[PDB]
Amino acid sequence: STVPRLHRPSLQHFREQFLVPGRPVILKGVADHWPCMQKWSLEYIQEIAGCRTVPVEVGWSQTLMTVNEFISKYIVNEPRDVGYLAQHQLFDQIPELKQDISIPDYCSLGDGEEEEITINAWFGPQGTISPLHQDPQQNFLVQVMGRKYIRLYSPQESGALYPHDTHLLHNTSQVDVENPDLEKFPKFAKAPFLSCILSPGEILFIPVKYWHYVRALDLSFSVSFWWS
């Protein structure tokens, strides 16, 4: 079913009806006028960040290149393969860019320190996929450029999601959400879920340990805030 959308909810309402019970929600009217929303574009990103080295996930492999190289090879014209500038603390690397975002006010409802919030960039072409997985903190995923299809499964459904059998990968599902092998993973079929298309200016709250799967529908840039 579709993740609910709420316009600038009060801190207390967000706390009591979403944060405490661990229910996903899309926050509207919160990040829609952050400077990033109008400023970020390929040319702006090239100008500020183009010369800096970033990690890039290819496919599968992990490599390093400049932001300019990443754009040239994996976004513009006709890329040969899928590349994704994923899960990278770009704003620690480039303080000038950090000026264009801010910490959502709702994070102050947490028990953690603002200092310790981890801010990651997620920048890539249409078609990037983050396989179904869960993270150990709360998340606000802020969509800046393009749209993403997102599937969400509650931590209560973990037994239908066939986590990998190693410590290192136990927070990742073995299932390919959009083409599941139901012969091998039959329990996946019956597990309920939420989904949405997250659009520019919107924030998705992903509760701590909620399983999420994400596919970019367009050239996309998202910023996540992992907080407690």
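Only the largest set of C-alpha atoms that superpose within 1.5 Å between the two forms is called the rigid core. When you see a residue number, it is the position in the sequence shown, counting from 1.
Comparing 89-97 with 71-79 by root mean square Cα distance to the shown form in 4 other deposited structures of this protein, with the rigid core used for the fit, gives 71-79 as the more displaced stretch. Core-fitted comparison in 4 other deposited structures of this protein shows that, between 40-48 and 60-68, the CA atoms farther from the shown form belong to 60-68.
Per the record, residue 59 and residue 60 are separated by 4 to 9 deposited residues that have no coordinates. The PDB entry reports B-factors from which the mean C-alpha value can be compared for 200-208 and 14-22; the larger average falls on 14-22.
Across the two stretches, 90-98 and 137-145, the PDB entry reports the greater mean Cα temperature factor for 90-98. Comparing the listed residues 117, 109, 85, 132, the entry records the largest Cα B-factor for 109. Residue-level inspection of the entry shows that, of 166, 68, 173, 195, 166 has the top Cα B-factor. Ranked against the other modelled residues of its chain, the C-alpha B-factor of residue 79 as given in the entry falls in the highest third.
Ranked by Cα temperature factor within the chain, residue 128 sits in the lowest third according to the deposited record.
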